[PDB]
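Working notes for the structure below.
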Protein chains: 2
Amino acid sequence: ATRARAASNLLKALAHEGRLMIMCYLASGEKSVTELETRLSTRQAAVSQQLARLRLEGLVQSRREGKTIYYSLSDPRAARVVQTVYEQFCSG
Amino acid sequence: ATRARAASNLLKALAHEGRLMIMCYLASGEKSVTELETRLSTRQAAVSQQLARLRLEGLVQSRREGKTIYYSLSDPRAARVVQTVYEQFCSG
């Protein structure tokens, strides 16, 4: 039950089309903000809040290389959950 | 994006402590209602609605053996997602 509350909170963070899309893109490796926002249809202000939410939840981290910001998955539990989601829902 | 909407709807069904607990119990194999409701702390009326929701979402099915009702996972995508959730959140 305690593990269920923790897992349910992760799934609430992931149960959002925009946040899930970001996580699916990061599931294949580190991505710059430029790449993410080019790939995503989301307006930039929305992507910005979504990235901040995933950061708050401990699911993504970021680093700087010059003027480029690179996000990557941090939480290994969420990484595997999202990888499973991505693979399962892309397999028809 | 289309796969994201579908996946997000699954995660919304799973992002609920009670429904997730049911799914985690079914992730290890078919279970009678008696076993589920014995293991779960949930009041029976709540479990009943939760089972009906998981059925509506196509995630569980059930069969009868005499007077026993056995539920099992039906959707293979959700099965693997839940198995990943269960394993990841039980591994500390």
Side-chain angles (χ1 to χ4, degrees), chain A residues 1-24 26-28 57 59 73 75-92, chain B residues 1-42 44-92:
Chain A
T2 73
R3 310 304 241 196
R5 178 89 215 194
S8 166
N9 281 345
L10 169 61
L11 299 180
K12 287 176 181 167
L14 301 176
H16 180 279
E17 182 171 323
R19 293 197 298 266
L20 180 58
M21 281 187 288
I22 290 162
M23 291 294 288
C24 287
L26 298 176
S28 56
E57 300 282 358
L59 307 184
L73 296 187
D75 189 322
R77 299 171 297 185
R80 291 299 293 279
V81 170
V82 167
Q83 284 161 351
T84 298
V85 170
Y86 187 42
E87 173 174 275
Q88 288 295 326
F89 279 83
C90 288
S91 302
Chain B
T2 73
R3 310 304 241 196
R5 178 89 215 194
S8 166
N9 281 345
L10 169 61
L11 299 180
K12 287 176 181 167
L14 301 176
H16 180 279
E17 182 171 323
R19 293 197 298 266
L20 180 58
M21 281 187 288
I22 290 162
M23 291 294 288
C24 287
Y25 282 134
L26 298 176
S28 56
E30 182 177 62
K31 306 285 191 288
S32 68
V33 174
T34 297
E35 173 167 357
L36 287 170
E37 278 166 8
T38 297
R39 290 185 178 276
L40 293 160
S41 69
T42 317
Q44 281 193 6
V47 179
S48 303
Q49 183 176 284
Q50 291 164 12
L51 288 165
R53 173 68 178 281
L54 295 169
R55 183 192 301 283
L56 174 89
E57 300 282 358
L59 307 184
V60 305
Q61 62 196 351
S62 59
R63 65 181 184 95
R64 170 177 308 92
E65 234 184 62
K67 300 198 99 94
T68 302
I69 301 295
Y70 285 105
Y71 276 84
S72 58
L73 296 187
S74 45
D75 189 322
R77 299 171 297 185
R80 291 299 293 279
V81 170
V82 167
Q83 284 161 351
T84 298
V85 170
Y86 187 42
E87 173 174 275
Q88 288 295 326
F89 279 83
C90 288
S91 302

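Computation of the quantities below employed the complete heavy-atom set of this structure, encompassing side-chain atoms and omitting hydrogens, waters and symmetry-equivalent molecules. So that the names make sense, note that chain A is the first sequence line, chain B the second, and so on, each numbered from 1.
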Q. When you look at B:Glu37 and B:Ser48, which way does the side chain to side chain contact (heavy atoms under 4.5 Å, CB included) test go after all the steps?
A. CA-CA 9 Å; B:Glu37 278 166 8; B:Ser48 303; 4.2 Å; yes
(Q) Checking B:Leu40 against B:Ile22 for the side chain to side chain contact (heavy atoms under 4.5 Å, CB included) test, could you report, in this order, the C-alpha distance in whole Å, the side-chain angles of both residues, the deciding distance, and whether it holds? (A) CA-CA 8 Å; B:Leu40 293 160; B:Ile22 290 162; 3.7 Å; yes
Q. Going by the salt bridge (charged side-chain N to carboxylate O under 4.0 Å, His left out) test, which pairs reach into residues 14-33 of chain B, not counting sequence neighbours?
A. B:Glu30-B:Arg63
Which side-chain N or O atoms in residues 53-60 of chain B pair as donor and acceptor under 3.5 Å with protein atoms at least two apart or in another chain?
from, atom 1, to, atom 2, distance (Å)
B:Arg53, NE, B:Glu57, OE2, 2.7
B:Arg53, NH2, B:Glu57, OE2, 3.3
B:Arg55, NH1, B:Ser62, OG, 3.1
B:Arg55, NH2, B:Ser62, OG, 2.8
B:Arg55, NH2, B:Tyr71, OH, 2.9

Side chains of [X] and [Y], heavy atoms from C-beta outward: is any pair under 4.5 Å?
| X | Y | answer |
| --- | --- | --- |
| A:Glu87 | B:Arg80 | no |
| B:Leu26 | B:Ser72 | no |
| B:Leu36 | B:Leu51 | yes |

Looking only at heavy atoms, what is the nearest atom pair of [X] and [Y], with distance?
| X | Y | result |
| --- | --- | --- |
| B:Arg3 | A:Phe89 | NE-O, 2.5 Å |
| B:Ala4 | A:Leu20 | O-CD2, 3.8 Å |
| B:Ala27 | B:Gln83 | O-NE2, 3.2 Å |
| B:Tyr70 | B:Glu65 | CE1-CB, 3.8 Å |
| A:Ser8 | B:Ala15 | OG-C, 3.6 Å |
| A:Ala78 | A:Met23 | CB-CE, 4.2 Å |

Q.
Within this structure, what is the NZ-NZ distance for the pair A:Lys12 and B:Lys12, rounded to the nearest 0.5 Å?
A. 13.5 Å
Q.
Surrounding CD of B:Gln49 (heavy atoms of other residues, nucleotides or ligands, distance under 6.0 Å), is the total greater than 12?
A. no
Q. Passes side chain to side chain contact (heavy atoms under 4.5 Å, CB included), B:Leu10 versus A:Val85? Steps please.
A. CA-CA 9 Å; B:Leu10 169 61; A:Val85 170; 5.8 Å; no
(Q) B:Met21 vs B:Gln50, test: side chain to side chain contact (heavy atoms under 4.5 Å, CB included). Steps then yes/no. (A) CA-CA 10 Å; B:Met21 281 187 288; B:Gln50 291 164 12; over 6 Å; no
